[PDB]
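Note sheet for the following structure.
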Amino acid sequence: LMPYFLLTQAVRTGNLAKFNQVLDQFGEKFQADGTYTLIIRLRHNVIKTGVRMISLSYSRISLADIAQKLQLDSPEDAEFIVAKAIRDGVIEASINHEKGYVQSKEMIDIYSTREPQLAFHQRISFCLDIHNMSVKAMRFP
Amino acid sequence: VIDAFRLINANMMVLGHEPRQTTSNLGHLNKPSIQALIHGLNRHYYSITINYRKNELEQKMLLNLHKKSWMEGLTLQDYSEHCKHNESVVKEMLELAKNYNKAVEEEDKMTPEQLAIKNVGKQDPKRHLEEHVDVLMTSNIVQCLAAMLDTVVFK
Amino acid sequence: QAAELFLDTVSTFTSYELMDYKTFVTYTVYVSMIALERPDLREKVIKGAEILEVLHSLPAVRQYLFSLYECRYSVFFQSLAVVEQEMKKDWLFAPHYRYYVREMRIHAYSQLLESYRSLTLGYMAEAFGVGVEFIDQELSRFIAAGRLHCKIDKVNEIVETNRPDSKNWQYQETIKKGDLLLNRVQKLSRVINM
Amino acid sequence: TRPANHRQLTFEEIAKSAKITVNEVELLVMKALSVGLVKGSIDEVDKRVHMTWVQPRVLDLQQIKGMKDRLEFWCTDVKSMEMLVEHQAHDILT
Amino acid sequence: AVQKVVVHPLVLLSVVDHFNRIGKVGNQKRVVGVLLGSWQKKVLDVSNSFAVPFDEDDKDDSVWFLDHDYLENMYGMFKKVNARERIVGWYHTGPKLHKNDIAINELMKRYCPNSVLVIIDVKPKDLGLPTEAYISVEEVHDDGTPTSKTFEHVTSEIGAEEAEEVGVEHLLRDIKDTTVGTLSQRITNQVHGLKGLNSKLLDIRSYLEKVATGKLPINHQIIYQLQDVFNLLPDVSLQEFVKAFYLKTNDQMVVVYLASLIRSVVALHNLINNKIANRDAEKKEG
Amino acid sequence: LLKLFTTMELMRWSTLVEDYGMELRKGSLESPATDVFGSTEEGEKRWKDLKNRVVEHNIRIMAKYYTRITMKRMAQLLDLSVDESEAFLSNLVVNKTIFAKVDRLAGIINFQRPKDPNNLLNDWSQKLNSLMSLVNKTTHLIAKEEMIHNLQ
Amino acid sequence: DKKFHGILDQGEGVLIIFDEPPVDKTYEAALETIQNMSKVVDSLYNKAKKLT
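Protein chains in written order, with the UniProt record's numbering: chain Y, 357 to 497; chain D, 156 to 310; chain E, 196 to 389; chain H, 283 to 376; chain X, 5 to 290; chain W, 305 to 456; chain V, 371 to 422.
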């Protein structure tokens, strides 16, 4: 996990050369585990992960600023990346071809207080299977 | 209490006493009181069995009409006293939190029933059972369903 | 836990154990500063008569403690850097990159931008030191860290905070704890039926 | 006619209804509140008048079909939702 | 003149039995007597009943007879045994009211100034109504309408007599018309509440339809005055739900966290305790 | 008195000085009127006291009628400018006479207390129960009138 | 010091004053119940009885 730790740091930072070097150093075990194709996929999706984190960080971030932050050095590539993030639906960052506007959040609506209970009311379903297991497992002799 | 008996003359006791006749019906649920036993009545002859004329056209009339709640099941009462009621419910179940806490560190390794019998606390697992939590849950869902049913009626 | 059991000003010796009573106090001030920002800390430590006396003994220590209490960031950051330098010269240096100055300014920035909605980067910079770019990069780094509940409008250079209501923030805390305890009960469901 | 169906009594709607000017709307709605025609809130940013009536009058019994239709609409909605919740509740009521 | 009347669960069955016992030879379908009780605080209550044989003829509804001496002797005996009891009104069966009621009211009002009429449905149990109350108001039908009888219904609600709870519980002891079994009982409460709402509102819709057809006389002068407000009351605006999106949904989600989870955890604790006991028993039996 | 006491009329004192201001110039006796308003120094002080008095009266009657009223209209109704109208509005609220909240940058005011969802659903349930009672009363009324109308 | 209920919107040069509803203490009390009824029980009990 020490190279994995450095991989996590590289994912957060957005740099390329440092983790490419450590993959060339200790990437054989990754190949043995069978994730090296994924390893390269993370190596080139580091920018995607950085875009999500910086989009969660900022309200209206400049496309030039995000390109400088994640080593794109290209306004068009930055616009394409944020386009690709929004179409994937991972983040809510939108595009305004004027300067790169992104909408902010809003106060809580009808379903925003109800989606926890809707996704969590399986508690009684767990209770009923526990009770049914007890019914199965209360042999007296 | 509606207990009926008969006074007897002196001859009933000098003949075969317990004027209760030969049948196995008045011995059903025949429990005269101690003061009735020490007195002659309810002891002289017998205790009379009681029955209620629960005839239909009378009993169906009573149950249908007297105990009347027919459109009163549509009450909503979302938060008339329920916001502070939920505050009290949380406080009571916080006490249940401390009780069910107390239980889990008691939890001794000597057949915990042995510990429980001599250290009853009437806690959430023991006496303040899941029934009370079910009552709180039923109250919440009933107000929820009533409010939601009238919300969809509101068209 | 440290503070809660360490404000007790009952020393086994007048000047021993932790090298002094003054060193004892400096540990108290550091621990309290890591602890909390500015609730009725005026009635917890500031009201302390022995506390005020020892801050009279140590003017610089009194300087940053009152600077944090008064929320005057122009002197606070310089004094906070002096505090970090002093902690470097101390073997109790374990929070070398977490809780020297970054956590304290996380509390200070939270205290500052709360009761605010959109405070400009350029003016909060001069109200909190100098180097508008330095504060901008600091805010970006700390927002990435997770705290400083706000967002940055870079095209207009504004700090648009997002403080949840008492209901909203607390509801967020409940859904987080619901996530943790669903993880717990799922683990317990693993424990059963095996 | 509109049971809060059109609860936005804007100035233009008031002008259509009463062919009155804008300054007289204030006095007209004031007298309406005083008599008891409309008792709702009166805004001016959007000029919206909330709709509550507590002084009923003749509803043109030849036009009772409108209120009959609204009442039967309420009947259909109530019965439909009762059947829907019954459908959701067969697992207890059946 | 009374604001409202409240009927006890104390005279309804007595009236029905009186109907049954005096209907053996009198098949007029018309049982007429007096209901006695008390009126104290604009709330009228009935505590005793009495039936008198009564024959009618359809000819102008003026053929009848009673036993007034016996009825007055009854009232004197009832007042002697219980002074607070007084004749609060007179009752007639046969909800299809005829025209002799005005003559009966005129004759009996010497016992009660605000003479009232009570109809008991011995055989009918339509939805839940045991009886209906009637107040005599002949002080002009309306502002611009001709003269009429116009016996109106003063609002009636079934009261709660004391010490009868023991008897009714012992009597029934089979249905348990209480909130027992809270969840299922409230489900039944919702069920017949919807049944009553649908039936009554369908009746109102039928009345509106029949008024539209005009086959029956139209009492619009109170119908629209009472139903227009009902229709226009703004319970259809949903923006107050928008303002109260967390109307209770916060309480809904805490109950999900703190009733369903708590039930699941306590059930889990019971199962794992049982599993430990069963495993130990299986391993240490031999 | 009949005009200026009740029914929440717009007390435009500019109109009142001629509609009901004849007591200043000539009335039946006009001697108390000349003592009150016909004086020069104390008369003009009482003139100003009528002027403001009707301003708070107009504010108060507007409070129970209009929830949100634009700043220009309120100032015109108060016969003053924006700053003077907001100053008197502040004078009322510091006396707790009216429940007023104003956005000064937007110049828009509100007089309705924010309805807590607890009592909001409570009045909704009370509205529900009022409808339920109306259903009961209407059902009994129509059914009994139905009985009288089919006695044929 | 929570003596006032508002947020200073410097961008608009104003301060938005909000009436904070304090009846929402059920939220925090419920969280405290969640914490002190679950943490103190589940970890301790089902780590003591790891084997079942």
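Heads up, the beta-carbon is just placed ideally off N, CA and C, and yes, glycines get one too.
Check, Outcome
"Please identify the residue among X:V260, X:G132, X:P57 and X:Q7 whose C-alpha is closest to the C-alpha of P13 of chain X.", "X:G132"
"With a cut-off of 8 Å, does the C-beta of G276 of chain D fall near any C-beta of chain X?", "no"
"Compile a chain-ordered list of the residues in the segment 385-410 of chain V whose CB is closer than 8 Å to at least one CB of chain E.", "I386, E390, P391, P392, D394, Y397, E398, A400, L401, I404, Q405 and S408"
"Consult DSSP for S361 of chain E and reduce its assignment to one of helix, strand or coil.", "helix"
"Starting from residue 4 of chain X, find everything on chain E with Cβ-Cβ shorter than 9 Å and list it in chain order.", "The structure shown does not extend to residue 4 of chain X, since chain X is modelled only from 5 to 290, so the question has no answer here."
"Look up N180 of chain D in the DSSP assignment and say whether it is helix, strand or coil.", "coil"
"Can you name, in chain order, every residue of its own chain whose Cβ lies under 8 Å from the Cβ of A441 of chain Y, other than the five neighbours on each side?", "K404, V407, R408, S411, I447 and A449"
"Return the CA-CA distance between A286 of chain H and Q243 of chain X, expressed in angstroms with no decimal places.", "12 Å"
"Can you say whether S252 of chain E is buried or exposed, counting buried as having 16 or more other CB atoms within 10 angstroms of its CB?", "exposed"
"With DSSP collapsed to three states, give me the class of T338 of chain W.", "helix"
"Hey, quick one: how far does the beta strand (DSSP E) through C345 of chain E stretch, first residue to last?", "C345 to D348"
"Flag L421 of chain V as yes if its beta-carbon sits less than 8 Å from any beta-carbon of chain D, otherwise no.", "no"
"Please look up how many angstroms separate the CB atoms of residue 319 of chain V and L262 of chain X, rounded, as I've assumed it's under 8 Å.", "The structure shown has nothing for residue 319 of chain V, since chain V only spans 371 to 422."
"Look up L455 of chain W in the DSSP assignment and say whether it is helix, strand or coil.", "coil"
"Tell me whether the beta-carbon of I387 of chain V lies closer than 8 Å to the beta-carbon of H375 of chain V.", "yes"
"Look at the alpha carbon of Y392 of chain Y and the alpha carbon of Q381 of chain Y, and state the distance between them as a whole number of angstroms.", "13 Å"
"Which chain X residues are close to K362 of chain E, counting only those with a beta carbon under 8 Å from its beta carbon?", "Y250 and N254"
"Taking only beta carbons into account, state which residues of the segment 306-332 of chain E come closer than 7 Å to chain V, listed in chain order.", "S310, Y311, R312, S313, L314 and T315"
"Looking at chain E, which residues of the segment 404-423 of chain Y have a Cβ within less than 7 Å of any of its Cβ atoms?", "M409, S413, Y414, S415, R416, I417, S418 and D421"
"Taking the alpha carbon of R34 of chain X as the reference point, which residue from X:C116, X:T154, X:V56 and X:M81 has its own alpha carbon closest?", "X:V56"
"Taking C-beta pairs closer than 8 Å, name the residues in chain D that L445 of chain W reaches, listed in chain order.", "Near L445 of chain W there are no residues of chain D at all, since even the closest Cβ is about 16 Å away, more than 8 Å."
"The beta strand (DSSP E) with residue 384 of chain H in it runs from where to where?", "Coverage of chain H is limited to positions 283 through 376, which leaves residue 384 of chain H absent and any answer about it impossible."
"Which residue from E:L231, E:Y216, E:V278 and E:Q258 puts its Cα closest to that of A303 of chain E?", "E:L231"
"Please list the segments of the beta strand (DSSP E) lying wholly inside the segment 198-242 of chain E, counting only runs of 3 or more residues, in order along the chain.", "none"
"DSSP state of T374 of chain W, grouped into three classes?", "strand"
"In whole angstroms, what is the alpha-carbon distance linking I480 of chain Y and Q365 of chain Y?", "41 Å"
"May I ask you to verify whether the segment 428-445 of chain W touches the segment 229-238 of chain X, counting CB pairs closer than 8 Å and requiring at least 3?", "yes"
"Can you list, in chain order, the residues of the segment 363-381 of chain E whose Cβ is nearer than 8 Å to any Cβ on chain V?", "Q365, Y366, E368, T369, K372, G373, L376, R379 and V380"
"For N356 of chain W, name the three-state secondary structure that DSSP assigns.", "helix"
"What did DSSP end up calling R352 of chain H once you bin it into helix, strand or coil?", "helix"
"What is the C-beta distance between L212 of chain X and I346 of chain H, in whole angstroms, given that I count them as a contact (C-beta under 8 Å)?", "6 Å"
"Measure the CB-CB distance between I451 of chain Y and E435 of chain Y and report whether it falls below 8 Å.", "yes"
"So which residues of chain D does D325 of chain H contact, with C-beta pairs closer than 9 Å?", "The premise fails here: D325 of chain H is roughly 23 Å from chain D at the closest Cβ pair, so nothing lies under 9 Å."
"Excluding sequence positions up to five away, which residues of its chain have a Cβ less than 6 Å from the Cβ of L70 of chain X?", "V56"
"State the CB to CB distance for the pair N363 of chain E and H344 of chain E, rounded to an integer number of angstroms; the pair is presumed to be in contact (CB under 8 Å).", "Not really, about 11 Å apart at Cβ, beyond 8 Å."
"Roughly how many angstroms lie between the CA atoms of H240 of chain D and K252 of chain X, to the nearest whole one?", "12 Å"
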